[PDB]
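> Sharing a structure, written as structure tokens. Questions coming.
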Amino acid sequence: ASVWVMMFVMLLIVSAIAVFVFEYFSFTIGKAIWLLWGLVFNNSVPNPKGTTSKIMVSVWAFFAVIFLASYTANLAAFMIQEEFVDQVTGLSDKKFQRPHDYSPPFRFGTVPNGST
Amino acid sequence: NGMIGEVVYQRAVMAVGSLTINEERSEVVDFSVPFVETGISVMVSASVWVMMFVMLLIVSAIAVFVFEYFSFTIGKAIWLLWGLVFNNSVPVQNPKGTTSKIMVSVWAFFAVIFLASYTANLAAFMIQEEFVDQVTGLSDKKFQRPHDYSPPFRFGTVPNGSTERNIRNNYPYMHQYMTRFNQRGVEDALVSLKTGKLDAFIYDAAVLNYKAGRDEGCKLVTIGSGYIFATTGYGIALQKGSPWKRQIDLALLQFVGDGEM
Amino acid sequence: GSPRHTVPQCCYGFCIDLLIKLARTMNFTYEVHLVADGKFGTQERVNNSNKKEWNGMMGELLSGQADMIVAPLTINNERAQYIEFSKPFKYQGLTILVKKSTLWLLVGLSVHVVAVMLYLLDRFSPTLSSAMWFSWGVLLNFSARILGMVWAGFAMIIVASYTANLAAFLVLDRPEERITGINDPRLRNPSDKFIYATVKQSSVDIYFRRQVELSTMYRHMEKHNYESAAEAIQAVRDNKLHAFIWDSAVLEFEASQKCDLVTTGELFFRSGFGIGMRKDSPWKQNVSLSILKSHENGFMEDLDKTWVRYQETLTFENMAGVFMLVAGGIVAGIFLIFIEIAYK
Amino acid sequence: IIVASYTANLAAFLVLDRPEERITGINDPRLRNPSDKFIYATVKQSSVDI
Amino acid sequence: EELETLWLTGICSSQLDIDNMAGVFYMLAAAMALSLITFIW
Ligand SMILES: *[C@@H]1O[C@H](CO)[C@@H](O[C@@H]2O[C@H](CO)[C@@H](O)[C@H](O)[C@H]2NC(C)=O)[C@H](O)[C@H]1NC(C)=O
Ligand SMILES: *[C@@H]1O[C@H](CO)[C@@H](O[C@@H]2O[C@H](CO)[C@@H](O)[C@H](O)[C@H]2NC(C)=O)[C@H](O)[C@H]1NC(C)=O
Ligand SMILES: *[C@@H]1O[C@H](CO)[C@@H](O)[C@H](O)[C@H]1NC(C)=O
Ligand SMILES: *[C@@H]1O[C@H](CO)[C@@H](O)[C@H](O)[C@H]1NC(C)=O
Ligand SMILES: *[C@@H]1O[C@H](CO)[C@@H](O)[C@H](O)[C@H]1NC(C)=O
């Protein structure tokens, strides 16, 4: 939840530094967000020229490399996780009231002449 | 001396405990059938790139042909093609040819799944954990002279042991090099192997297998399973002419032949 | 097949050279012959007089026609009750011989529809083939650019999930072609799928007949008893068998012969094989001392150097068909480039 | 190839080789022959000791 | 416990990404909703 928030805050910081680059030394004033979040995913969508901008894009791009490495780590951690679904929780199930409550009419019995 | 002096001089009846078996011990008494397999041991611490090159030349030739149909990518398509092999967004040349764009896009998807297969290769090499073996056995090139290597290593045996007799009947020069490398205690040799006061140690196999099976961290590594070793067994020593040998042999064959052993 | 056709031929190998070493050691000549069957010998009731008798090498040795069973004979309790034994030369255990998308099309239809309404958004915003080839560059790698960069994020996260689940498909979910010994629960209660068998009238059958806790395996191998182990090798090479209980080093030598032959993990019943002998005889003490002399030196290692010690990623798993598909797609696209020649 | 090996050994360092925080019962061989590290005990004069 | 080991056997895939792709569909629906907002300006 806060990951997109802190990336949004640092993205606005990076865009403000690019605006400062335009204030000192072309059309990438508000377009720094475009080429910035495009070079996060390494898309090669049709160029950094400012030295401050090149160093900042290099630092943020290495951060994006380790971020996608951490996301592959998250994918592997979800890959280790395997679960199973359970409908009936026990004797306090809502299925044990009326089978008309649920849309498939189900069925369950026991063995005859039993103590159960 | 010891159990041989107790059994041969008839101060006892039989030796049930552990005892190595060699020629003169089988001469003085009558061993039973062997039941456990306990030997000796030593304790220590192509065309892929070719066919990629072939289809790389095919793709470059088709791209150069379509560029000759329809501004410098005749001799310079190699850098674009082999840079989009590695898929790192290197600024090379603006793609204008339709055949070039489609064929290099298919080649780039092939390169993406190729680098995925290379990460799979790295993961498969990581799962296969190596277990290196410096000394193969008693026929090692290290076991001729430690002056052949620049650090002179050291190894010894247990004193007054039958392993020493087996060495002196196999290689007396090995006993000559072991004479400067003698020791006393089995636990002392274990501490010498752990702390680093000894490189290797020659002992029996199954006792070192049990000690390695309970060792903290399993730092010391055994060598094989007795392949370049003696690989003998342990029996029960009885005196010559004892009538109890057949019943003990039947009891041992009963104990082995039901999984109770 | 062949009732009575017995010829002299040439025999060699492990125990032959062992007997040559014994003849070099002691003061005797010899006479090598074979056994009439391919069986060790089991105790079975003969149909007349209700008496258990033997056969095979035990039936020929006790009849006086033979003198010394020089063979890897299975040492157990029943054989030692009748004859005497020597020191075992072979020491080995037991082992088992075995033999060793649509969602992408949905994402393609999705990126086609994404490209379609991005072209529509280019149309409504105050050209054609430029945006086409731009989408061709985007899907594989000013209001439309925002949806393009969001979809580029979608493209990277989808190919990252594709890398993750292809690694999941190639690492974890692997079919266990191995058995891991007797402790496989599918072989405890067998069926017509996992075919495990043994040699007909073998000592392993008697050893499992004493083990009354696995009698279901005793009732399962009786339907597939083979005469010789070479028949089992021929049947498992032709994929008719699935498992075979046999000794360790023989199957290791056959794995050195044929690389597809794989042994199992469990090493149980670590027993020994010796030389079949007669009763109390002057060829007992001298011969056992000669065997122990062969044990103490490196002559066992020499016999390993004769036969035992001597033996005899790839990145082509599923991308060879994709390689052929890339080549065929290029050849098929050449015709569309001919259409582009005829168009311009 | 450097960044591929970096991704490979970071995934190697974080996925597989996890230190064993669990013991899985009495069948741990380090608890068969303990030391001063694995400190395990019970209530004094308990029926578990019996 | 030995008899339970003798007479009981205590035991214990495919690709599926419907939750992640469902989030993909939800976020692209949010993206086209934002484009439908920005259509009037
Ligand atoms: C449950 O037990 C009873 C026997 O007590 C069986 O139910 C019926 O019992 C009467 C009286 O003995 C017999 O005349 C019927 O023939 C029985 N029915 C059947 C199905 O045989 C019944 O066998 C038992 N439960 C079941 C279904 O096996
Ligand atoms: C190993 O055997 C030797 C004898 O071959 C032992 O040496 C002597 O043992 C007697 C035992 O009473 C001592 O009184 C002598 O003093 C020993 N001789 C020397 C030179 O010390 C030796 O003790 C045995 N023990 C070892 C080292 O394994
Ligand atoms: C072995 O026995 C034969 C019997 O004729 C005898 O001639 C020979 O001297 C003996 N010695 C050897 C060669 O072992
Ligand atoms: C073999 O002998 C057994 C003895 O019980 C008998 O049951 C069986 O029928 C005999 N087999 C023959 C002669 O077919
Ligand atoms: C070997 O045989 C001879 C008789 O031929 C006998 O005297 C001796 O005790 C036996 N034992 C040895 C030395 O192997």
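Residue numbering restarts at 1 in every chain; chains get A, B, ... in the order shown in the structure tokens, and ligands count up from 1 in that same order.
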Set the distance at 9 Å and use only C-alpha atoms: which residues neighbour stretch 3-9 of chain B once local chain neighbours fewer than 2 positions away are removed? I'd like the list as an MDAnalysis selection string.

chainID B and resid 1 11:15 19 25 28:29 237:239

> Using only C-alpha atoms, find the residues of chain A whose closest atom to chain E is at most 12 Å away, then write them as a ChimeraX atom specification.

/A:75,78-83

> Write as a ChimeraX atom specification the residues around ligand 3, taking 9 Å as the cut-off and counting only C-alpha atoms and all ligand atoms.

/C:23-29

> Go through B:76, B:102, B:87, B:23 one by one, measure the shortest atom-to-atom distance of each to ligand 5 using only C-alpha atoms and all ligand atoms, and give the residue with the smallest value.

B:23

> Within 8 Å of chain E, which residues of chain C are there when counting only C-alpha atoms? Please give them as an MDAnalysis selection string.

chainID C and resid 143 147 154 165 169 172:173 185

> What residues in stretch 21-176 of chain B get the DSSP label strand (DSSP E or B)? Please answer as a PyMOL selection string.

chain B and resi 30-31+36-37+40-44+155-156

> How would you report the residues lying within 9 Å of ligand 4, as a list in words, if you count only C-alpha atoms and all ligand atoms?

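The residues near ligand 4 are residues 45, 46, 47, 48, 49, 50 and 51 of chain C.
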
> Give me, as a list in words, the set of residues whose atoms come within 10 Å of any atom of ligand 5, counting only C-alpha atoms and all ligand atoms.

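Those residues are residues 23 and 27 of chain B; 25, 26, 27, 282, 283, 284, 285, 286, 287, 288, 289, 290 and 293 of chain C.
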
> Identify, on the basis of only C-alpha atoms, every residue whose closest approach to residue C:295 does not exceed 8 Å; exclude the query and any residue fewer than 5 positions from it along the same chain; express the result as a list in words.

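In the requested format, the answer is residues 230 and 232 of chain B; 89 and 300 of chain C.
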
> Limited to N, CA, C and O atoms, could you put the picked residues into a file as an mmCIF file, in the first residue's frame?


```
data_model
loop_
_atom_site.group_PDB
_atom_site.id
_atom_site.type_symbol
_atom_site.label_atom_id
_atom_site.label_comp_id
_atom_site.auth_asym_id
_atom_site.auth_seq_id
_atom_site.Cartn_x
_atom_site.Cartn_y
_atom_site.Cartn_z
ATOM 1 N N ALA B 230 40.417 -51.821 1.544
ATOM 2 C CA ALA B 230 40.430 -53.259 1.799
ATOM 3 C C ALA B 230 39.034 -53.856 1.659
ATOM 4 O O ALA B 230 38.856 -54.874 0.979
ATOM 5 N N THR B 232 36.816 -55.234 4.094
ATOM 6 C CA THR B 232 36.742 -56.517 4.767
ATOM 7 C C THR B 232 35.487 -56.568 5.639
ATOM 8 O O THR B 232 34.610 -55.703 5.557
ATOM 9 N N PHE C 89 33.586 -63.578 -1.083
ATOM 10 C CA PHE C 89 34.420 -62.702 -1.895
ATOM 11 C C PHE C 89 33.693 -61.449 -2.351
ATOM 12 O O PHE C 89 34.325 -60.397 -2.494
ATOM 13 N N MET C 300 42.078 -58.057 -5.362
ATOM 14 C CA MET C 300 40.682 -57.666 -5.528
ATOM 15 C C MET C 300 40.576 -56.382 -6.339
ATOM 16 O O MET C 300 39.675 -56.235 -7.174
#
```

> Pick out the residues sitting within 9 Å of residue C:142, and hand them over as a PDB file with N, CA and C atoms, in the first residue's frame; count only C-alpha atoms, and ignore anything fewer than 3 positions along from it in its own chain.


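Result went into selection.pdb, see below:
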```
ATOM      1  N   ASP C 122      -6.102   7.705 -30.681  1.00  0.00           N
ATOM      2  CA  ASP C 122      -5.329   8.565 -31.571  1.00  0.00           C
ATOM      3  C   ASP C 122      -6.242   9.254 -32.582  1.00  0.00           C
ATOM      4  N   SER C 125      -8.383  12.113 -30.783  1.00  0.00           N
ATOM      5  CA  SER C 125      -7.589  13.216 -30.256  1.00  0.00           C
ATOM      6  C   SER C 125      -7.202  14.163 -31.386  1.00  0.00           C
ATOM      7  N   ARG C 145      -0.090   7.934 -24.761  1.00  0.00           N
ATOM      8  CA  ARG C 145       1.200   7.527 -24.213  1.00  0.00           C
ATOM      9  C   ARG C 145       1.084   7.068 -22.765  1.00  0.00           C
ATOM     10  N   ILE C 146       0.109   7.600 -22.022  1.00  0.00           N
ATOM     11  CA  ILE C 146      -0.116   7.174 -20.644  1.00  0.00           C
ATOM     12  C   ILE C 146      -0.638   5.742 -20.605  1.00  0.00           C
TER      13      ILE C 146
END
```

> Can you list, as a short mmCIF file (atom, residue, chain, number, x, y, z; two decimals) with C-alpha atoms, in the first residue's frame, every protein, DNA or RNA residue that comes within 9 Å of residue B:92 when you count only C-alpha atoms, leaving out same-chain residues fewer than 5 positions away?


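Result saved to part_24.cif:
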```
data_model
loop_
_atom_site.label_atom_id
_atom_site.label_comp_id
_atom_site.auth_asym_id
_atom_site.auth_seq_id
_atom_site.Cartn_x
_atom_site.Cartn_y
_atom_site.Cartn_z
CA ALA B 77 23.37 -4.83 -38.71
CA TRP B 79 25.86 -4.72 -33.78
CA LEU B 80 22.08 -4.16 -33.77
CA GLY B 83 22.92 -6.30 -29.15
#
```
